[PDB]
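The chain below stands alone, shown as structure tokens; this is the form deposited in one PDB entry.
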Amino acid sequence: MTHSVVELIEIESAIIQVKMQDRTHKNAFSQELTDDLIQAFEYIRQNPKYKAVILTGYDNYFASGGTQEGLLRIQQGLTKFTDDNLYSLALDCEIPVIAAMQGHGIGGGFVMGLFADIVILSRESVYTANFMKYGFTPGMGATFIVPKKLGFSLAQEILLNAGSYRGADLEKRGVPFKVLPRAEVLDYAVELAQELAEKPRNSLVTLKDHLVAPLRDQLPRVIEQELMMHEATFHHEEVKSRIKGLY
């Protein structure tokens, strides 16, 4: 991309891999990662030949969510989580996206992956919707997509308590996602993308449009509710203390 922290590779004629590789920030949503992700998805939107997208990280990190400075900015009231929308990239994509989460998925980074149509976790990586550890309520559509993908009950615990779970922990709690050794996750994503690429692209886009119509319809109102909750929770001095203390 421009900032070189996203690499696009056309794996086959109809499969595009979006690899996040902001090594300086461990795939946290730095300004560079934020700009390069939006540019990668726009590229995919401008080039309607692909049948599947693989979204993945580097080494041990899938995506680590807001930077410390990003979160402090929202605490200060300078910015809101909706300012740059990275959470809904894979939902807004017209073709199926596979979030190959071979490494850790933290906060916004985990939630961005959960909006993909197929999610794969690594057994030995850590996944957390850790918003509430810092004193504020989950944003980035976490309160809609977590129950939608992992189910109402596990979502309560994940969102209220902001705990960290190994992929193996989630596998044992019964999640519908494929969970694999980290070394196998991207290979499995490629094979699944090859299978998807056996279909006509128009059938994949028509089908996904139908399957995720209710998510696209329902998400704006939840985003407005989460912004309301941020109004009521984010701006407290103790949120600043927790971000600085516990990040």
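The numbering used is simple: start at 1 and walk along the sequence shown. In this text, the rigid core denotes the largest set of C-alpha atoms whose superposition between the two forms falls within 1.5 Å.
The next section is about a form of this same protein that is not shown, the form deposited in another entry.
S.K.: Please find the residue from 170, 74, 106, 93 showing a Cα shift of 2 angstroms or more between the shown form and the other one, rigid core superposed.
M.R.: The listed residue whose C-alpha shifts by at least 2 Å is 74.
S.K.: Taking 2 Å as the cut-off, check whether the CA of residue 84 shifts that much or more between the shown form and the other one after a rigid core fit.
M.R.: Indeed, residue 84 is displaced by 2 Å or more.
S.K.: Between the shown chain and the other structure, the Cα gap of residue 92 to residue 81 differs by 3 Å or more. Is it closer or farther in the other form?
M.R.: Compared with this form, residue 92 and residue 81 lie farther apart in the other form.
S.K.: Your call: residue 92 and residue 82 CA atoms, closer or farther in the other form versus the shown structure, by 3 Å or more?
M.R.: Distance between the C-alphas of residue 92 and residue 82: longer in the other form, by 3 Å or more.
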